[PDB]
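Engineer: Questions regarding the structure given below will be posed in turn.
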Amino acid sequence: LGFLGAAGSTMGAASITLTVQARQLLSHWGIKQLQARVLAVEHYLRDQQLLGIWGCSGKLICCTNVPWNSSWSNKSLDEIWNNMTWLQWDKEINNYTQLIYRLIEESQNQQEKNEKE
Amino acid sequence: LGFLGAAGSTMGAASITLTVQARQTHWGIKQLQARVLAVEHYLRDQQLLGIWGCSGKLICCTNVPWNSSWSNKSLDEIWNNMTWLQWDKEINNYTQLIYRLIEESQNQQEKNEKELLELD
Amino acid sequence: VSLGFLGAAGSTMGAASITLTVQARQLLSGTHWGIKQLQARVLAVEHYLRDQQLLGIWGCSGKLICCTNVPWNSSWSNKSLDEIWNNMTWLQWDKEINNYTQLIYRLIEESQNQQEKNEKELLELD
Amino acid sequence: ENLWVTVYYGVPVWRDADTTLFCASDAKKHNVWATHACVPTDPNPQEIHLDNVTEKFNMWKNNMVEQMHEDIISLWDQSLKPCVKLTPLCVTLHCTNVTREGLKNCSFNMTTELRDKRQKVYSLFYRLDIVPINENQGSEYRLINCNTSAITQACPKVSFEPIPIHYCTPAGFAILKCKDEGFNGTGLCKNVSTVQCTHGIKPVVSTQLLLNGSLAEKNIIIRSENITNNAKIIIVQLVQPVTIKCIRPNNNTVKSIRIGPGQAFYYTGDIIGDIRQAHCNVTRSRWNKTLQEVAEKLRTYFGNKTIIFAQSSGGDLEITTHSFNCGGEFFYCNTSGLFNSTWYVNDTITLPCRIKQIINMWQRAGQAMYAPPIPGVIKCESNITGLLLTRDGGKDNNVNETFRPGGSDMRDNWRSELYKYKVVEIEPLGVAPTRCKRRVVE
Amino acid sequence: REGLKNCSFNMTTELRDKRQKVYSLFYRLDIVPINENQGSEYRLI
Amino acid sequence: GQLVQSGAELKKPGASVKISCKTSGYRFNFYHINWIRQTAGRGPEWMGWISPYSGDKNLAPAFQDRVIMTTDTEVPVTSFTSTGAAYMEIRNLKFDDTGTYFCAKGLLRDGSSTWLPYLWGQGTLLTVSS
Ligand SMILES: *[C@@H]1O[C@H](CO)[C@@H](O[C@@H]2O[C@H](CO)[C@@H](O[C@@H]3O[C@H](CO[C@H]4O[C@H](CO)[C@@H](O)[C@H](O[C@H]5O[C@H](CO)[C@@H](O)[C@H](O)[C@@H]5O)[C@@H]4O)[C@@H](O)[C@H](O[C@H]4O[C@H](CO)[C@@H](O)[C@H](O)[C@@H]4O)[C@@H]3O)[C@H](O)[C@H]2NC(C)=O)[C@H](O)[C@H]1NC(C)=O
Ligand SMILES: *[C@@H]1O[C@H](CO)[C@@H](O[C@@H]2O[C@H](CO)[C@@H](O[C@@H]3O[C@H](CO)[C@@H](O)[C@H](O[C@H]4O[C@H](CO)[C@@H](O)[C@H](O)[C@@H]4O[C@H]4O[C@H](CO)[C@@H](O)[C@H](O)[C@@H]4O)[C@@H]3O)[C@H](O)[C@H]2NC(C)=O)[C@H](O)[C@H]1NC(C)=O
Ligand SMILES: *[C@@H]1O[C@H](CO)[C@@H](O[C@@H]2O[C@H](CO)[C@@H](O[C@@H]3O[C@H](CO[C@H]4O[C@H](CO)[C@@H](O)[C@H](O)[C@@H]4O)[C@@H](O)[C@H](O[C@H]4O[C@H](CO)[C@@H](O)[C@H](O)[C@@H]4O)[C@@H]3O)[C@H](O)[C@H]2NC(C)=O)[C@H](O)[C@H]1NC(C)=O
Ligand SMILES: *[C@@H]1O[C@H](CO)[C@@H](O[C@@H]2O[C@H](CO)[C@@H](O[C@@H]3O[C@H](CO)[C@@H](O)[C@H](O)[C@@H]3O)[C@H](O)[C@H]2NC(C)=O)[C@H](O)[C@H]1NC(C)=O
Ligand SMILES: *[C@@H]1O[C@H](CO)[C@@H](O[C@@H]2O[C@H](CO)[C@@H](O[C@@H]3O[C@H](CO)[C@@H](O)[C@H](O)[C@@H]3O)[C@H](O)[C@H]2NC(C)=O)[C@H](O)[C@H]1NC(C)=O
Ligand SMILES: *[C@@H]1O[C@H](CO)[C@@H](O[C@@H]2O[C@H](CO)[C@@H](O)[C@H](O)[C@H]2NC(C)=O)[C@H](O)[C@H]1NC(C)=O
Ligand SMILES: *[C@@H]1O[C@H](CO)[C@@H](O[C@@H]2O[C@H](CO)[C@@H](O)[C@H](O)[C@H]2NC(C)=O)[C@H](O)[C@H]1NC(C)=O
Ligand SMILES: *[C@@H]1O[C@H](CO)[C@@H](O[C@@H]2O[C@H](CO)[C@@H](O)[C@H](O)[C@H]2NC(C)=O)[C@H](O)[C@H]1NC(C)=O
Ligand SMILES: *[C@@H]1O[C@H](CO)[C@@H](O[C@@H]2O[C@H](CO)[C@@H](O)[C@H](O)[C@H]2NC(C)=O)[C@H](O)[C@H]1NC(C)=O
Ligand SMILES: *[C@@H]1O[C@H](CO)[C@@H](O[C@@H]2O[C@H](CO)[C@@H](O)[C@H](O)[C@H]2NC(C)=O)[C@H](O)[C@H]1NC(C)=O
Ligand SMILES: *[C@@H]1O[C@H](CO)[C@@H](O[C@@H]2O[C@H](CO)[C@@H](O)[C@H](O)[C@H]2NC(C)=O)[C@H](O)[C@H]1NC(C)=O
Ligand SMILES: *[C@@H]1O[C@H](CO)[C@@H](O[C@@H]2O[C@H](CO)[C@@H](O)[C@H](O)[C@H]2NC(C)=O)[C@H](O)[C@H]1NC(C)=O
Ligand SMILES: *[C@@H]1O[C@H](CO[C@@H]2O[C@@H](C)[C@@H](O)[C@@H](O)[C@@H]2O)[C@@H](O)[C@H](O)[C@H]1NC(C)=O
Ligand SMILES: *[C@@H]1O[C@H](CO)[C@@H](O)[C@H](O)[C@H]1NC(C)=O
Ligand SMILES: *[C@@H]1O[C@H](CO)[C@@H](O)[C@H](O)[C@H]1NC(C)=O
Ligand SMILES: *[C@@H]1O[C@H](CO)[C@@H](O)[C@H](O)[C@H]1NC(C)=O
Ligand SMILES: *[C@@H]1O[C@H](CO)[C@@H](O)[C@H](O)[C@H]1NC(C)=O
Ligand SMILES: *[C@@H]1O[C@H](CO)[C@@H](O)[C@H](O)[C@H]1NC(C)=O
Ligand SMILES: *[C@@H]1O[C@H](CO)[C@@H](O)[C@H](O)[C@H]1NC(C)=O
Ligand SMILES: *[C@@H]1O[C@H](CO)[C@@H](O)[C@H](O)[C@H]1NC(C)=O
Ligand SMILES: *[C@@H]1O[C@H](CO)[C@@H](O)[C@H](O)[C@H]1NC(C)=O
C-alpha cells in the first residue's frame, strides 16, 4: 500500500487502490510559494473538470458509451488487466489519449441532448 | 454556434447551447492573480450547484414552486419572447431569494430520503 | 427563520441537520495589504477543496447527507442514537471521536472503491 | 398549471466588470516591455459573432485604458532598477560652444573607480538638457534634472522598440468587441463579437500624432466625449496612413567612462562631419488631402463653419511639440508646418526637430531618465495613423472654428486602440419556471 | 531652558562641488555633544 | 452530573418553606429541573418542572396555587459544564404535605421525553408539626 505502492501492480490489482492516489492530490518567496499552491489546485481541478465534462464526476470508475477501437490496441482484456501495469498501458496508448478524451466528450454531448427530451 | 453565441436568441432556443457555454516579473504577478480569479469563479458556481444537488447537470429541476410575484409571465412569454439577459433583469431582486428556497428544499429532501432508508 | 451562520452550533445534532446548507454556503465567500489578500483568497480555496476532495472520493459529492456501507464500531462510541442525536452538539461529538476521524475516513474510502468495482462487474455480466 | 423553479448552467448572461488582465504575445537587445514573460498566443485566435446583440460601449469610461497605463509605467520603472544611477553626474559644468547653438561642449569632474580620484570629462550635451547657473558669466551650467530629480541611465542593452501586446481575460470573463464599420467609441454598437484577447496593441508613445496604429476601414472617424465642450480631446482616426520619415544626420561618436565599481556612463565625445539639425519629412500632397478630409468630417458637427487648423498656443515642450522614440533617441518635433491651414469648402513638408537625453515621459515629478547616445546616423519611418486635437472655445463668432494639436493626458493614446473593447463578467447560473418537477425517492 | 539650540552646519547641495551653510533650530533631545566636551560642538543622536 | 438539596427542617402548619437544589457537572441551562414529592399516604407525585433556559414552568394542577419555582443564573466551569441552582417555594404547608422532596435533572435536550427526571438528588425530609 501507500502512495503509488500499486504502480508496479497489474492494472486489475491496482484498481483496488484508486482512492489511495485520489487523495493527497491536494496537500519574493511569498510569490513562489503561492504559485506552487495554485498549481496544485489547478491540476486537481483540471482533472475534475474533465470528469464533469465526461459525466463521470463523483466516480472513481466510470463506464462510457464510447466503443474501443481495435487500432488503439488489439490486446485482450485478460492480457491488459492481468499482464500489464498502468504505467505500461499509458505508453501503449499515449498517442491516442487525446483522441479518446474527445470522443468521450462528444458522447456526453449526445447524451445531454437525449436527457432534455 | 459558439461561446455566448446564443445570447441574442430566446431563452428556449439558448437551451441547446448550454453544453458549449458550460466549458471555459510584473506580468508574472498579474498572471498569478488571473489564475486565482479564474479558479474562484469556477468554484463559486460549482459550490451552489453542489448545495442545490444539481451538480453534474446542465439543467436541474427543483421542487420549489414558482411565485407569481417574481414574475406573472406565462411560460410562452418567458421562454419564447425573451433573452436570458432580459430575464436576468426581471428577477434581479428575487434571485437570492430563489437560491435560498432551493437550498432549503434540498436539505428537506435529503433528510426525508435518509428517513426512508432508515425504515428499510 | 434562519439562525444564521453557526447559529445551530449550540443546537443538538438532530436539530443542526436542518441548517447544513447555511454552513455549506459561504465557505468560499465568508503592497503589504495586497499580498495578504491574495494569500487569504488562495487559502479559502484550498480549505473548500480539501473537504470536497474527500466527498468526491467517498461518492458523497453533491449531497449534504450521505449514507455509507461502513458499520459503526462500538469502540468509537458506545452511545445510543438518542444519546447522540438528541443530547449532543456537533462540537461535543467531534471531540468524542476525534481520534477516530481519520480511521473512519479510510474505511469509507475503501468501501466506496469496492462498491464501484462491484458495480462495474454487475454491468459486465449483463 | 403548477410551475416550478428550474436551474440552468451555461446561461449566456453577462454584466460589466473590472478585471485583472494579463498579456499574451507571439512566440519569438532585451525589450523594455518584458514581453518574454507573456503567455504564448493561440496560433488561431477564436472570435464569436453575436447575432441579435446590441451593446453599449463607452471608450471614455473604459477601465482597460487605465489598467494599460499602469502596466506601461510599471514596466518602464522596472527596466531602470538594475541600471546605472548617475548620481555623480549632477555637478557644475563649464561649457563652451562646439568647435544653431543646439549643442555645447562641457567639462566636468566625473567620479572614478576609486573614491579618491576624479577625472575631467569632456562631452557634448544638447542645450535642452542644460540650465545655466545665474552667476551671469554664461560659462557655468547644470543639468536640468538637478533641481527636480535623481536621474537614471537607461541600460544600453535594453531596447525601447514597441512589441504588440495582446490583452487577455481570465476564464469566467470575456471581452466584447465592436465590429461596426464606423464607430465613434460611444453609444450602442450593432455588430458585437466575443474574443478571449484583444488584437495586439503596440505601446507607442507620442504627444500630438498617433503613430503606427490601426486604420479606419472606410471613413475618417472623429471621437470625443463631447464635441461641444472644447476642453475635451478629439481623437481622429485616419483611413490611410501618412508616412513620416525622420533622420538625425549627425554621426555621433560615443565614448564611455567608469564612474564607480560596476558602473559606466555613456556620452557623445564628438560629432564627425558637419553638425546638422534633426528633421522629419511629411509628404505635402498626402497631408493636404488628409487635412481636407478631416476638415470635411469636423465640419458636420459645427454647422458648416470654416475650419482653421493652428499650432499649439504654448506651454511645456512635451505638449507643444510632437514626441517619439526613434532608434532609442527621443525626438521633439515642431508641427506648425503641418497644422497651419484653413479650409473654406470651395513636394514635402520638412519639420525641424530637437533631441533630449533627459526625459520624463509620464510627467512625474521626482523622476527622470538619461538616455545614452546612439552612435552613427539614426533613421526611421513611421505611419501617422491619427490626430489628437483640441478646440478654442469662449468665442461666439460663428464664422469659423480653430483646432490645435496635442493634449496633456497620455492615456488618450491607448484609447485609440481600446475604444472597441469592453470587459464583461460571465454569469453561467440562472433560474426560470418550467412545468418540470424534480423526482424524489418514493 | 535648553529645550532648543540654534545649530549651524555645511550641508550638501544639488551639485556635488557646492556646499551651503544652514542655520536651524533643533530640540535638545535630538542633540548629542561631541565627546571632546568643548560644549560648542554637537552631533545628531 | 450531581444534584444536592437543602437539609431537612421542621415547620409549623401554614409556614412557608424554600428548598434549594444546587447542581454541578453538566450544563444547567440545557435541561429541565423537575420537582417530585413522595409521601406515605400518596406515593410519588409531580410538582411540575421549570426550564432554566426560558424560565418557563409547567406546574401540576394540584400545586399551582401553592408552589413557586425559580432558578439562578448558571456559572460556567468548562465549555460544556456549569454550576447553578434551582429553588422551590411551598406556601401554606399542611400535615398532608409531610414527606420527602426530590430535585431531578431532565433527560434530553431534544426528542419526546426531554423533561424526564434522569438524575435524582438524595432528597430531604420535610416535617410539619404544631
Ligand atoms: C438551547 O438549549 C435549550 C435547552 O436544551 C434548547 O431547548 C430545547 O429545544 C427543544 C426543541 O425541540 C425542546 O424540545 C421540545 O420540548 C417540548 C417540551 O414542552 C415544553 O416546551 C414548550 C415550548 O414551547 C412549551 O410550550 C411546553 O409548555 C407549555 O405547553 C404545555 C402543553 O400545553 C403546558 O402543559 C405548559 O404548562 C406550557 O403552557 C413545555 O414547557 C416538547 O413539547 C416538544 O415536542 C415536540 O417536538 C419533538 C421534537 O421534534 C417531537 O418529538 C414531539 O413529538 C413534539 O412534536 C419538544 O420535545 C426542548 O424541550 C428544549 N429544552 C428545554 C430545556 O427547554 C434550545 O432549543 C437550544 N437552542 C439552540 C439555538 O440550539
Ligand atoms: C513605426 O514602425 C516602423 C516599422 O516597424 C518602425 O521602424 C522600424 O524600426 C526598427 C527598430 O528600430 C528598425 O530596425 C532597425 O534598423 C536599424 C537600422 O540602423 C538597426 O540598427 C536596428 O538594429 C539595431 O538596433 C536594435 C534595437 O533593438 C538591436 O536589437 C539590434 O541588435 C541592432 O543594434 C546592434 O547593432 C547595431 C548595428 O549598427 C549597433 O549600432 C548597436 O549598438 C547594436 O550592437 C534595427 O534592425 C527598422 O529599420 C525600422 N523601419 C523603417 C522602415 O525605418 C518605427 O520605429 C516605428 N515608430 C515608432 C515611433 O515606434
Ligand atoms: C575639478 O575640481 C577642481 C577642484 O574644485 C577644480 O580646480 C579648481 O578650479 C578653480 C577654478 O575653477 C580654482 O579656483 C580658484 O582658486 C583661487 C584660490 O582660492 C582661494 O580661496 C580658497 C578658498 O575659497 C583657498 O582654499 C585658496 O587657498 C585660495 O586662498 C581663487 O583665488 C580663484 O578666484 C578667482 O576665480 C573665481 C572663478 O569663479 C572668481 O570667482 C574669483 O573672483 C577670482 O577671480 C579661484 O576660485 C581652484 O583653486 C581649483 N582647485 C584646486 C584644488 O586646484 C577643477 O577646475 C575641476 N575640473 C573641472 C573640469 O571642472
Ligand atoms: C510484483 O510482481 C510480482 C510478479 O509479477 C507479482 O506476483 C504475482 O502476485 C499475484 C498476487 O498479487 C499472484 O497472483 C496469484 O497467483 C496464484 C497462482 O500462483 C493464483 O492462485 C491466485 O489466484 C493469484 O492470481 C501471482 O501468482 C504472482 N506472480 C508470480 C509470478 O509469483 C506481485 O504481486 C507484484 N506485487 C504487487 C504489489 O503488485
Ligand atoms: C527631407 O527632405 C529634405 C528636402 O527634400 C531632404 O534633403 C535632401 O537630401 C538629399 C540627400 O542628402 C540631398 O541630396 C544630396 O545633396 C548632396 C549635397 O552635397 C549631394 O552631394 C548629393 O549628391 C545629393 O544631391 C538634397 O540636396 C536635399 N535637399 C535639400 C533641399 O536640401 C532630406 O533628405 C529628407 N529626409 C529624408 C529622411 O528623406
Ligand atoms: C528648475 O530650474 C528651472 C530653470 O531655472 C526652473 O524653471 C522655471 O521655473 C519657474 C517656476 O519656478 C517657471 O515659472 C519658469 O517658466 C521655468 N522656466 C522654464 C524655462 O521652464 C524650474 O522651476 C526649477 N524647478 C524647481 C522645482 O524649482
Ligand atoms: C505604413 O503604411 C504602408 C502603406 O503606406 C504599409 O505598407 C503597405 O501595407 C499594405 C497592407 O499590409 C501592403 O499591401 C503594402 O504592400 C505595403 N507596402 C509596402 C511598400 O511594403 C506599412 O505596413 C505601414 N506600416 C505600419 C507599421 O503599419
Ligand atoms: C457618437 O454616436 C452617438 C450615437 O449616435 C452620439 O450620441 C447621441 O448624440 C445625439 C446628438 O444629437 C444626441 O441627441 C443623443 O442623445 C446621443 N445619444 C446618447 C445615448 O447619448 C454621440 O454624440 C456621438 N459622438 C460624437 C463625438 O459625435
Ligand atoms: C457638452 O458640452 C456642453 C458645453 O460644456 C454642455 O452644455 C453646456 O452646459 C452648461 C451647464 O452645464 C451651460 O451653462 C452651457 O450654456 C451649455 N452650453 C451650450 C452650448 O449649451 C453640454 O451639456 C454637454 N453635453 C453633455 C451630454 O454633457
Ligand atoms: C561615422 O563615422 C565613423 C568614423 O569615421 C565611420 O566608420 C569608420 O569608417 C572608416 C572608413 O570607412 C572605417 O575605416 C572605420 O573602421 C569605421 N569605424 C567603425 C567603428 O566602423 C562610420 O561609417 C560613419 N557613419 C556613417 C553613417 O557615415
Ligand atoms: C514651432 O515653430 C514655429 C515657427 O517657427 C514657432 O513660431 C515662432 O516662434 C518664434 C519664437 O522666437 C517667434 O519669433 C516667431 O515669430 C514665431 N512664428 C510665428 C509665425 O508665430 C513656434 O514657437 C515653434 N514652437 C516651439 C514650441 O518651439
Ligand atoms: C475667424 O474668426 C475670428 C473670430 O473668432 C475672426 O477674428 C476677427 O478678425 C478681425 C479681422 O477680420 C479682427 O479685426 C478681429 O479683432 C478678430 N477677432 C478676434 C476675436 O480675434 C477672424 O477674422 C475669422 N476669420 C475669417 C477668415 O473670417
Ligand atoms: C445527556 O447528557 C448528560 C450530560 O452528559 C454529557 O453528555 C452526554 C451525551 C455524554 O457525552 C456525557 O459523557 C457528557 O458528560 C447526561 O447527564 C444525561 O444522562 C444524558 N441523557 C441521556 C438520556 O443519556
Ligand atoms: C409568494 O410570495 C409571497 C411573499 O410575500 C408570499 O406571501 C406568498 O405566499 C407566495 N406564494 C406562494 C404560492 O408561495
Ligand atoms: C428591482 O430593484 C430595482 C432598484 O434596486 C428597481 O429599479 C427594479 O425595477 C426592481 N425590479 C423589479 C422587477 O421590481
Ligand atoms: C471494531 O474496532 C476494533 C478495534 O477497537 C477492531 O478490531 C474491529 O475489527 C472493529 N470492527 C469492525 C467491524 O470494523
Ligand atoms: C485521544 O487519544 C489521546 C491519547 O493519544 C487521549 O488522551 C484522548 O483522551 C483521546 N481522545 C478521546 C476522545 O478518546
Ligand atoms: C556661442 O555662439 C553664440 C553666437 O552664435 C555666442 O553668442 C555665444 O556667446 C557663444 N557661446 C560661448 C560659450 O562662447
Ligand atoms: C571639446 O573640448 C575638448 C577640449 O578642448 C576637445 O578635446 C574636444 O574635442 C571638444 N569636442 C568637440 C566636439 O569639439
Ligand atoms: C501658413 O499658411 C499660409 C497660407 O495659408 C502661408 O502663407 C504661411 O507661410 C504658412 N506658414 C508657415 C509657417 O508655413
Ligand atoms: C562651514 O564652512 C566654513 C568655510 O569657511 C567654515 O568656516 C565653517 O566652520 C564650516 N562650518 C562647520 C560647522 O564646519
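Here's how to read the names in the C-alpha cells: chain A, B, ... by the order shown, residue numbers from 1 in each chain, ligand numbers from 1 in the order shown.
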Within 6 Å of ligand 11, counting only C-alpha atoms and all ligand atoms: which residues, as a list in words?
Structural biologist: residues 317, 320, 321, 334 and 336 of chain D
Engineer: Where in chain B does DSSP assign helix (DSSP H, G or I), given as a PyMOL selection string?
Structural biologist: chain B and resi 11-22+26-52+75-79+84-90+95-118
Engineer: Do you have, as a Markdown table, the list of residues of chain E lying at most 12 Å from ligand 3, each with its nearest atom pair and that distance in Å to one decimal, counting only C-alpha atoms and all ligand atoms and ordered by chain then number?
Structural biologist:
```
| residue | atom | partner | partner_atom_place_in_ligand_line | distance |
| --- | --- | --- | --- | --- |
| E:15 | CA | ligand 3 | 5 (O) | 12.0 |
| E:16 | CA | ligand 3 | 5 (O) | 10.1 |
| E:17 | CA | ligand 3 | 5 (O) | 6.8 |
| E:18 | CA | ligand 3 | 5 (O) | 9.2 |
| E:19 | CA | ligand 3 | 24 (O) | 11.6 |
```
Engineer: Taking only C-alpha atoms and all ligand atoms into account, which residues have an atom no farther than 8 Å from ligand 20? I'd like them as a list in words.
Structural biologist: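 Those residues are residues 336, 337, 340, 341 and 342 of chain D.
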Engineer: Save out the residues we just selected, N, CA, C and O atoms, as a PDB file, in the first residue's frame.
Structural biologist:
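That gives us out.pdb:
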```pdb
ATOM      1  N   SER D 336       4.176  72.928 -36.497  1.00  0.00           N
ATOM      2  CA  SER D 336       3.476  74.099 -37.021  1.00  0.00           C
ATOM      3  C   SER D 336       3.424  74.089 -38.544  1.00  0.00           C
ATOM      4  O   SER D 336       2.545  74.706 -39.142  1.00  0.00           O
ATOM      5  N   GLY D 337       4.341  73.355 -39.172  1.00  0.00           N
ATOM      6  CA  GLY D 337       4.339  73.199 -40.619  1.00  0.00           C
ATOM      7  C   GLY D 337       3.222  72.267 -41.092  1.00  0.00           C
ATOM      8  O   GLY D 337       2.883  72.251 -42.275  1.00  0.00           O
ATOM      9  N   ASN D 340      -0.785  74.347 -39.987  1.00  0.00           N
ATOM     10  CA  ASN D 340      -1.106  75.695 -40.435  1.00  0.00           C
ATOM     11  C   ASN D 340      -1.952  75.653 -41.703  1.00  0.00           C
ATOM     12  O   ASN D 340      -1.421  75.521 -42.805  1.00  0.00           O
ATOM     13  N   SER D 341      -3.277  75.727 -41.549  1.00  0.00           N
ATOM     14  CA  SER D 341      -4.165  75.598 -42.705  1.00  0.00           C
ATOM     15  C   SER D 341      -5.581  76.118 -42.452  1.00  0.00           C
ATOM     16  O   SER D 341      -6.097  76.026 -41.340  1.00  0.00           O
ATOM     17  N   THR D 342      -6.232  76.605 -43.507  1.00  0.00           N
ATOM     18  CA  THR D 342      -7.646  76.978 -43.431  1.00  0.00           C
ATOM     19  C   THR D 342      -8.430  76.368 -44.587  1.00  0.00           C
ATOM     20  O   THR D 342      -7.962  76.374 -45.725  1.00  0.00           O
TER      21      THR D 342
END
```
Engineer: Using only C-alpha atoms and all ligand atoms, which protein or nucleic acid residues are at most 9 Å from ligand 8, as a ChimeraX atom specification?
Structural biologist: /D:56,183-188,222-228,234,301
Engineer: Restricted to C-alpha atoms, what would the selected residues look like written as a short mmCIF file (atom, residue, chain, number, x, y, z; two decimals), in the first residue's frame?
Structural biologist:
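Output file result_31.cif follows:
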```cif
data_model
loop_
_atom_site.label_atom_id
_atom_site.label_comp_id
_atom_site.auth_asym_id
_atom_site.auth_seq_id
_atom_site.Cartn_x
_atom_site.Cartn_y
_atom_site.Cartn_z
CA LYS D 56 -23.39 49.89 -25.02
CA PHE D 183 -17.96 53.69 -34.56
CA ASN D 184 -17.16 56.76 -32.51
CA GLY D 185 -16.45 54.77 -29.35
CA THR D 186 -19.68 55.67 -27.57
CA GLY D 187 -23.31 54.67 -27.76
CA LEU D 188 -24.73 51.39 -28.99
CA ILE D 222 -13.82 61.54 -35.08
CA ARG D 223 -14.18 60.67 -31.41
CA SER D 224 -14.91 62.85 -28.40
CA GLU D 225 -16.72 62.64 -25.10
CA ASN D 226 -18.42 65.92 -26.05
CA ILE D 227 -17.70 67.88 -29.24
CA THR D 228 -19.48 71.00 -27.95
CA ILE D 234 -10.81 65.00 -30.08
CA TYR D 301 -20.54 68.88 -36.16
#
```
Engineer: Return as a list in words every polymer residue, whether protein, DNA or RNA, with at least one atom no more than 9 Å from an atom of ligand 19; count only C-alpha atoms and all ligand atoms.
Structural biologist: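 For ligand 19, the residues inside 9 Å are residues 95, 96, 97, 98, 99, 104, 105, 106, 107, 121, 122, 123, 124, 268, 269, 270, 271 and 272 of chain D.
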Engineer: For chain F, which residues have at least one atom within 8 Å of chain C, if we go by only C-alpha atoms? Write them as a VMD selection string, please.
Structural biologist: chain F and resid 80 108 to 111
Engineer: Please identify all residues of chain A having at least one atom at most 8 Å from any atom of chain C, considering only C-alpha atoms, and return them as a PyMOL selection string.
Structural biologist: chain A and resi 16-19+22-23+26+34+37-38+41+57-61+63
Engineer: Now that the selection is made, can you save its residues with N, CA, C and O atoms as an mmCIF file, in the first residue's frame?
Structural biologist:
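again_31.cif, freshly written:
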```
data_model
loop_
_atom_site.group_PDB
_atom_site.id
_atom_site.type_symbol
_atom_site.label_atom_id
_atom_site.label_comp_id
_atom_site.auth_asym_id
_atom_site.auth_seq_id
_atom_site.Cartn_x
_atom_site.Cartn_y
_atom_site.Cartn_z
ATOM 1 N N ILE A 16 -7.817 -1.595 -6.933
ATOM 2 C CA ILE A 16 -8.269 -1.670 -5.555
ATOM 3 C C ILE A 16 -7.767 -0.464 -4.741
ATOM 4 O O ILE A 16 -8.305 -0.163 -3.676
ATOM 5 N N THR A 17 -6.711 0.204 -5.227
ATOM 6 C CA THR A 17 -6.068 1.301 -4.500
ATOM 7 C C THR A 17 -6.363 2.684 -5.068
ATOM 8 O O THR A 17 -5.666 3.637 -4.733
ATOM 9 N N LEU A 18 -7.348 2.823 -5.943
ATOM 10 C CA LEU A 18 -7.519 4.117 -6.608
ATOM 11 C C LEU A 18 -7.699 5.266 -5.620
ATOM 12 O O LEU A 18 -7.240 6.382 -5.869
ATOM 13 N N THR A 19 -8.340 5.004 -4.490
ATOM 14 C CA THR A 19 -8.572 6.063 -3.520
ATOM 15 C C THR A 19 -7.289 6.528 -2.855
ATOM 16 O O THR A 19 -7.216 7.651 -2.357
ATOM 17 N N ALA A 22 -6.052 9.063 -5.220
ATOM 18 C CA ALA A 22 -7.021 10.132 -5.432
ATOM 19 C C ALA A 22 -6.883 11.186 -4.341
ATOM 20 O O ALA A 22 -7.010 12.383 -4.598
ATOM 21 N N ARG A 23 -6.600 10.735 -3.123
ATOM 22 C CA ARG A 23 -6.328 11.644 -2.020
ATOM 23 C C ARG A 23 -4.882 12.114 -2.089
ATOM 24 O O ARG A 23 -4.054 11.483 -2.741
ATOM 25 N N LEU A 26 -4.325 17.227 -3.422
ATOM 26 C CA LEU A 26 -4.216 18.489 -2.711
ATOM 27 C C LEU A 26 -3.571 18.214 -1.364
ATOM 28 O O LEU A 26 -3.939 17.253 -0.684
ATOM 29 N N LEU A 34 3.037 30.779 -3.399
ATOM 30 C CA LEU A 34 1.675 30.833 -3.905
ATOM 31 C C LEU A 34 1.548 30.205 -5.274
ATOM 32 O O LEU A 34 0.551 29.546 -5.562
ATOM 33 N N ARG A 37 1.174 26.568 -4.807
ATOM 34 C CA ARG A 37 -0.105 26.210 -4.210
ATOM 35 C C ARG A 37 -1.231 26.305 -5.225
ATOM 36 O O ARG A 37 -2.100 25.434 -5.288
ATOM 37 N N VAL A 38 -1.178 27.331 -6.064
ATOM 38 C CA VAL A 38 -2.153 27.485 -7.127
ATOM 39 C C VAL A 38 -2.015 26.371 -8.148
ATOM 40 O O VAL A 38 -3.011 25.833 -8.622
ATOM 41 N N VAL A 41 -3.672 23.242 -7.067
ATOM 42 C CA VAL A 41 -5.110 23.388 -7.222
ATOM 43 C C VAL A 41 -5.548 23.283 -8.672
ATOM 44 O O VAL A 41 -6.535 22.614 -8.976
ATOM 45 N N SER A 57 -18.150 12.703 -13.032
ATOM 46 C CA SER A 57 -17.845 13.360 -11.771
ATOM 47 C C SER A 57 -18.413 12.589 -10.595
ATOM 48 O O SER A 57 -19.537 12.091 -10.642
ATOM 49 N N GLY A 58 -17.624 12.504 -9.529
ATOM 50 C CA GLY A 58 -18.030 11.827 -8.304
ATOM 51 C C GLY A 58 -17.772 10.322 -8.339
ATOM 52 O O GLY A 58 -18.073 9.625 -7.370
ATOM 53 N N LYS A 59 -17.214 9.818 -9.439
ATOM 54 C CA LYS A 59 -16.956 8.387 -9.548
ATOM 55 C C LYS A 59 -15.476 8.082 -9.739
ATOM 56 O O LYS A 59 -14.786 8.749 -10.509
ATOM 57 N N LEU A 60 -15.005 7.042 -9.058
ATOM 58 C CA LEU A 60 -13.642 6.548 -9.231
ATOM 59 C C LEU A 60 -13.514 5.743 -10.524
ATOM 60 O O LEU A 60 -12.478 5.768 -11.192
ATOM 61 N N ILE A 61 -14.583 5.025 -10.862
ATOM 62 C CA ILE A 61 -14.657 4.216 -12.075
ATOM 63 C C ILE A 61 -15.895 4.607 -12.873
ATOM 64 O O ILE A 61 -17.008 4.572 -12.352
ATOM 65 N N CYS A 63 -18.022 4.096 -16.530
ATOM 66 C CA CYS A 63 -18.293 3.492 -17.830
ATOM 67 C C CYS A 63 -18.857 4.528 -18.796
ATOM 68 O O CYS A 63 -19.622 5.406 -18.392
#
```
Engineer: Give me, as a PDB file with N, CA, C and O atoms, in the first residue's frame, the set of residues whose atoms come within 6 Å of any atom of ligand 10, counting only C-alpha atoms and all ligand atoms.
Structural biologist:
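That gives us pocket13.pdb:
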```
ATOM      1  N   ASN D 251      26.752  62.237 -37.156  1.00  0.00           N
ATOM      2  CA  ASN D 251      27.465  60.999 -36.871  1.00  0.00           C
ATOM      3  C   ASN D 251      28.106  61.062 -35.490  1.00  0.00           C
ATOM      4  O   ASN D 251      29.251  61.491 -35.343  1.00  0.00           O
ATOM      5  N   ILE D 272      31.275  63.687 -35.994  1.00  0.00           N
ATOM      6  CA  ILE D 272      32.072  63.638 -37.205  1.00  0.00           C
ATOM      7  C   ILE D 272      31.330  64.257 -38.379  1.00  0.00           C
ATOM      8  O   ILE D 272      30.191  63.892 -38.670  1.00  0.00           O
ATOM      9  N   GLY D 376      26.455  56.891 -34.568  1.00  0.00           N
ATOM     10  CA  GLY D 376      26.187  56.909 -36.003  1.00  0.00           C
ATOM     11  C   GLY D 376      24.903  57.654 -36.353  1.00  0.00           C
ATOM     12  O   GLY D 376      24.301  58.318 -35.510  1.00  0.00           O
ATOM     13  N   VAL D 377      24.506  57.555 -37.618  1.00  0.00           N
ATOM     14  CA  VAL D 377      23.319  58.231 -38.131  1.00  0.00           C
ATOM     15  C   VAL D 377      22.055  57.444 -37.812  1.00  0.00           C
ATOM     16  O   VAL D 377      21.996  56.236 -38.039  1.00  0.00           O
TER      17      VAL D 377
END
```
